[PDB]
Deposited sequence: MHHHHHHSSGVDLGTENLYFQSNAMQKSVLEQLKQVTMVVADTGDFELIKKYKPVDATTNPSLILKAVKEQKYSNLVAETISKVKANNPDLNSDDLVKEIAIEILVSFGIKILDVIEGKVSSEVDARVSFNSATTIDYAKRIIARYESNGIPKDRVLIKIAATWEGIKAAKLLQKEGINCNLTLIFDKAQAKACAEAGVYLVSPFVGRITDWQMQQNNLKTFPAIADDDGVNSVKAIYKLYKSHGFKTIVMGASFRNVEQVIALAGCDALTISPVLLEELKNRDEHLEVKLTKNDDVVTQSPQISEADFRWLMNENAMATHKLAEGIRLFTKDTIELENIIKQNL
């Protein structure tokens, strides 16, 4: 058995891509998108017809919207159209991320999430097949608490800190996506490291291990999904995690190796949360950075939509 197939025995394998054509090579259970991956699927142009049809559809269904509102509605429908194509090739769920610009507004986050779900449902996809990805700021967590109460399952993303993860679980979220790679990136930058750290010393791997241990010892039922990978050894290190979302490149690396895979993994108030985050210099920087960078990619996507109206 390949390492990929070994991993599937102990972990829910998830594909991290909007390039739905790649997903059948790997037979993951679930798939995840993010604003950068949607932009890449739009930019690389394998799906220009899907984009063009989406734009036409939204214009016809929305004669009342001005150019700004129309572009926003198209951005949502693009996210959903990719998700629908992904759902055609997997048995599980797809994750679709809200506009990062709403990250500090629980209200607009709730509305955005509900609009994504409504668009899926209008296209005949039931909400049980979708996770709404939300950056794990306090405001995102508070939004997810409400959405979960209303039956909308959330994927809390940009998780860099254990207390941050704990708060998510306290809110009853379906799933959390603690990051690995971006933490390793910070670690390597801090000391100008030229090579990846040994696995035992990899701050990103250790961050997910710590969250896993917290959740299992405490009996939290939220799914732990490691995300953000720089090398295949980081993914292998976390075998046994509830779920791991993995790029098509790294899925291919796992598919082509066949050594033995060792299985390794077997209330907070607002003020408390803000304090614990502030104590984590890396998490404070990297949460903020993720929201800035995803916003830049969403603006690039909007500019592409505008050029094709």
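S.K.: As a test: can you identify every run of the deposited sequence that has no C-alpha position in this structure, in order?
M.R.: Seq positions lacking coordinates: 1 to 26, 293 to 302.
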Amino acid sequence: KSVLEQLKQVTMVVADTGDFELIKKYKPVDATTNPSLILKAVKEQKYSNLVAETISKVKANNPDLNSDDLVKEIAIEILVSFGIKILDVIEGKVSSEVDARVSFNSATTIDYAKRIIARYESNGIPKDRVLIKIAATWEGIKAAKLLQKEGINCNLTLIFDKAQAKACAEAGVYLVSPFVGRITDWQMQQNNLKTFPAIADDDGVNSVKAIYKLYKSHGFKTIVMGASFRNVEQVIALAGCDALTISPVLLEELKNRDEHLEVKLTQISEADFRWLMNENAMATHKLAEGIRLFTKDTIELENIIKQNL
From here on, numbers count along this sequence of modelled residues.
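Just so we're on the same page, rigid core means the largest C-alpha set that superposes within 1.5 Å between forms.
S.K.: Between 191 to 199 and 125 to 133, pick out the one whose C-alpha positions differ more from the shown form in 4 other deposited structures of this protein, using the rigid core for superposition.
M.R.: Comparing 191 to 199 with 125 to 133, the larger C-alpha deviation in 4 other deposited structures of this protein belongs to 191 to 199.
S.K.: Select between 253 to 261 and 26 to 34 the stretch whose C-alpha atoms have the higher average B-factor in the entry.
M.R.: Stretch with the higher mean C-alpha B-factor: 253 to 261.
S.K.: Test of understanding: from the entry's C-alpha B-factors, which stretch has the higher mean, 125 to 133 or 194 to 202?
M.R.: Between 125 to 133 and 194 to 202, it is 194 to 202.
S.K.: Among the choices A283, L276, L65, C241, identify the one whose CA B-factor in the record is greatest.
M.R.: Highest CA B-factor of the listed options: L65.
S.K.: Mind checking which third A271 falls in for C-alpha B-factor across the chain?
M.R.: Middle third of the chain for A271's C-alpha B-factor.
S.K.: Ordered by C-alpha B-factor within the chain, which third holds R182? Give me lowest, middle or highest, please.
M.R.: For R182, the deposited C-alpha B-factor lands in the lowest third.
S.K.: Taking the chain's C-alpha temperature factors as the reference, tell me which third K85 falls into: lowest, middle or highest.
M.R.: Top third by C-alpha B-factor.
S.K.: If you rank every modelled residue in this chain by C-alpha B factor, which third holds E21: lowest, middle or highest?
M.R.: It falls in the top third of the chain.
S.K.: Consider only the C-alpha atoms of the modelled residues in this chain, order them by B-factor as the entry records it, and name the third containing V71: lowest, middle or highest.
M.R.: For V71, the deposited C-alpha B-factor lands in the highest third.
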